[PDB]
C-alpha cells in the first residue's frame, strides 16, 4: 500500500545513473514530446525535455552535459531519461570545484542526530535532477532511506542570496523540475531532515 511506494523509490534512487559530457544535440519530436538522442560511451540515450527545457535546443547545440537516469529502457537498449541538461564547465575541474556542507539531521527526542557529510559538486552549472538523485543515493546507502528507517523528510538547498530549493523525500522529484539548473558556486549549504 504505502510500502509499495517506498520500494519503487528505493529501486529508482539506488539504481543506475550516467554522466555524459560535452555532448552535441538537437531536439526532435517523439510523439508529443521533444527529445534529444545521442550515443556517448557504448550507450544510447533519449532525453525528454519535459520542463523549462521543452523548447531550448531546436538548433544543433554544442557543449552540453547530461545527467541521465532511466525511467525506462526500450527494446534496442536506448535509455529514456528526463531533462538533466546543462552547459559544460568553462573552467578546469579544480577551479570550479565546490564542497558545500551537506548536513543530515533527525530531530527525534532520544533517537536524533546531526551529521556533516562530505559532498562535492563537479559542475559550475548543475541540474536539480543530479543533486536530488545523488543526495538520495547517499541517504539510502548511509542512512537507510526507504528501508524502513527513514521514510519521509526533505532536502533543502540554501543559496548565498537566501533563496532555497526544497524537495520532498516522500515522492520522486517532479518531472517538470528536473530541468532546473543551479549555479554551484552560489550554493551556501544543503540540509536534509529525516523523519
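Positions refer to the first chain, counted from 1.
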| item | value |
| --- | --- |
| Of 68-76 and 81-89, the one with larger mean CA B-factor | 68-76 |
| Stretch with the higher entry mean CA B-factor, where the candidates are 55-63 and 131-139 | 55-63 |
| Position of residue 28 among the chain's modelled residues by C-alpha B-factor, lowest, middle or highest third | highest |
| Modelled-residue ranking by C-alpha temperature factor, third containing residue 117 | middle |
| Residue 145, C-alpha B-factor rank within chain (lowest, middle or highest third) | middle |
| Relative C-alpha B-factor of residue 159, binned into the chain's lowest, middle or highest third | lowest |
| Residue 126 - Cα temperature factor, lowest/middle/highest third of chain | lowest |
